[PDB]
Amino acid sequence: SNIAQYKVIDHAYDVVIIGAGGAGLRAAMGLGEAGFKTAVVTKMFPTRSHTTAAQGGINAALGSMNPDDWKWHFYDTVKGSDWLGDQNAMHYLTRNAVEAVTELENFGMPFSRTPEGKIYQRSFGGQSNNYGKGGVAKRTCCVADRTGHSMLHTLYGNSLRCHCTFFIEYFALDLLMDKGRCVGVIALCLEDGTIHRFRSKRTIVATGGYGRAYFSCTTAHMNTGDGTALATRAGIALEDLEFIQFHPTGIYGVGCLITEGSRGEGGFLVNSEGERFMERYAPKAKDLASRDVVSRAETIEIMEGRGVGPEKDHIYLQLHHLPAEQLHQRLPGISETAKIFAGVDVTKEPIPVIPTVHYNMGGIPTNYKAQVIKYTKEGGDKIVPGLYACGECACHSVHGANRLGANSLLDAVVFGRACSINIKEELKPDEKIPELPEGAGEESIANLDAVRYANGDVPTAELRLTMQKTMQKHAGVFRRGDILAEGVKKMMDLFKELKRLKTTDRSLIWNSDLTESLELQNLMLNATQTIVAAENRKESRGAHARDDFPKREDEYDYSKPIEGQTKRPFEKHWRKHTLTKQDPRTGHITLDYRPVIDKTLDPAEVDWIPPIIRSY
């Protein structure tokens, strides 16, 4: 629109997949081999996706190390979610873990082995045997210290055998909607500056997370929440965005992950008093408690003068008591990262670490079939025709208020796979590749042009930087209504500064000043939504810790016996999902709340798990 002109190219596909991480590739494998003419749109070569950075492992009750059941895994996931998790999706997840991880081994994923030639497994945070009652589990399957790397390369390799067609370094700008239906996607081709509209019967969103909304994170530069943003722009409300996982052990200076697997293998955290303080904060699980708990324990230590180093403002991960053949065998990757980025030799010195933004349990709301949904009190859950979402961009929700470690590679694969299963069942040759309405994509092009030639006075790098810092400050590990309200006002001001936007590069070819600006827009949508949702939730649940409201607010008080209590009405408690609708021009956000699904897929296969106090 306006100041320049754009080549526009149309395509027709059965399904379009926006993302080639673990989730998008697994769906692409499924759909490709099922016959569908399937297109994979990704803004980077699939192998560079963030999935490839995953380290510690992937969960499945294989029993390679000891007897195990998938229902123990399930329980651990429900408890992990601090009962904001939908128990149907979590049931689906845990039910399929063993088949899913096994397929990966069959595709050639080179798992670490036991002396029996089975897939080696390790312990991880927040996992137990026997519905909480037994010991720490060994359920977490790994390729040493590089499980996601290995998985992504295995999935990419096998995708090449399933006749997909890759639009690599294509940057999606919007879904194409026609009256409540998604009929494709529009994207900019980085290579030659052209503009492509893909028409499709189904569209799968698998775009990853939005860690770069914060100043410090483990995530990749590409984690800018474009998928969630796409959905906002299509008038779809996002779910549970306030629930942001801080990983206990990002390296102090640089944000680089150090796997929780290093604690699973026998490492532990230490304060300036030389104390294994997680013995105090979580007597049973200790250093293998859930991530929300461990990260908070870490932060208190820091706040309470027991921080480590020159400024006493981080903490030590200690592995040097572990045999050096174990470190090399089980954690070669982080041994290397730790030396490169901290000068630290893990056999002799401990690693400086600090909690760090890592994973988004929030995202696009779906049902357990991974079909995207809109909700009203009156109408309930209404599916958005043609549109599926999976992986980190999605909220199924299999993680609720706190994601269990090694459950995300899992949820990518399982629900990536589910997308293909469910589409091959409900899509008939009956249906034809829908036609685009007149003008489809013009808005997205107009926006592109505006950002391309934007000649205001705030360069995007600095606007981004203030957002990231605002977010680090007002929406961190512990939150307070006054600090949150303050943060919100600043965020909506920054969103107003989008109009004063300055870019410099005016080329159409490989203009990363432009795509990074587009990315900022998407980030801002996510970030503003995140904070007003967090501001409004007056409870402490999983990763959302409010200092002014330290209680988990449920329909009953599950800390006392139930009988004789009267259930609080929906509007009065907080055991419910947050839904944020945002107007993308103005920035105005409205909230609504949707009930948590408590039933399983089949009470005969497994019981539901009623809330209880969450300890470790």
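From 1 onward, residues are counted along the sequence shown.
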Requested in this report: Taking the mean of the C-alpha B-factors per stretch from the entry, tell me the winner out of 116-124 and 497-505.
Outcome: 497-505
Query raised in the report: So which stretch wins on mean C-alpha B-factor, 208-216 or 451-459?
Result: 451-459
Requested in this report: Could you tell me which one of 362, 235, 333, 132 shows the highest CA temperature factor in the PDB record?
Outcome: 132
Query raised in the report: Which one of 153, 197, 296, 179 shows the top CA temperature factor in the record?
Result: 179
Report task. Consider only the C-alpha atoms of the modelled residues in this chain, order them by B-factor as the entry records it, and name the third containing residue 608: lowest, middle or highest. Result -> highest
Requested in this report: Pull the Cα B-factor of residue 552 out of the PDB entry and bin it into the chain's lowest, middle or highest third.
Outcome: middle
Report task. Give the position of residue 292 by CA B-factor within its chain, expressed as the lowest, middle or highest third. Result -> lowest
Query raised in the report: Which third, lowest, middle or highest, does the CA B-factor of residue 558 fall in along this chain?
Result: highest
Requested in this report: Could you tell me which third, lowest, middle or highest, the C-alpha B-factor of residue 26 occupies within its chain?
Outcome: lowest
